[PDB]
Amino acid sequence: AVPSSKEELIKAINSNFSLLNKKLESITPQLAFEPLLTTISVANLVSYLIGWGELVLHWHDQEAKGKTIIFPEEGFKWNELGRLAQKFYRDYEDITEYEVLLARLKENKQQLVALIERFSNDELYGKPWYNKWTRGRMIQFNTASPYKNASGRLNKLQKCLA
C-alpha cells in the first residue's frame, strides 16, 4: 500500500532500509566501486541515496529557519533528476572507504526517521505541503521509495556470479 499515515510512513522507511541495508553489506569493499549497475557503482547509488536524504533534511532546515525552500534543489528543476544524480555521485565521490559510506547512509536514515517523529499526523498526511503533495508523501518519494528501487538493482547485481 502507499503510506498514508505517520505510523505507516515510519514502518515503510524502516523495512525498506533494513532489507536494502542487508543487501548493501553483502557487497565487498572492492566490488562496491566497480561499474556494474550509462553505468554506475553501488558506491554511486548509495551516494544518490545520501544526496536525496541530506536534501530532504535540508528542506526542513530551510523551513525551520523561515526560509523559502528551493525545490528540488538550487540550480535544478524537477525534469533534471538524472543531472541531480550526477551531483550526488560527486558530492560523495571522495568517500573511498565503503564502510564509511554505509555508516553515513545509515545515520542519514536515522535522522530522517527522527525528523518524521517530530511531526504530527496532520502535519505529515493531513495538510498539503508542496503544491498538493503532503509532507509525508514528499518524504516517501525520496527515501522509502528509492530504498526499494535501490535494493532492486542490488539483487539483480548479486545475480552475476560466478
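Throughout, we count residues from 1 along the sequence that is shown.
Unmodelled stretch separating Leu37 from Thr38: 4 to 9 residues (count of deposited-sequence residues without coordinates). Taking the PDB entry as given, 27-35 carries the higher mean Cα B factor of the two stretches 108-116 and 27-35. Legend: mean Cα B-factor per stretch from the PDB entry, 18-26 versus 142-150; the higher mean is in 18-26. Ranking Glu54, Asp61, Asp122, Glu99 by Cα temperature factor from the entry places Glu99 first.
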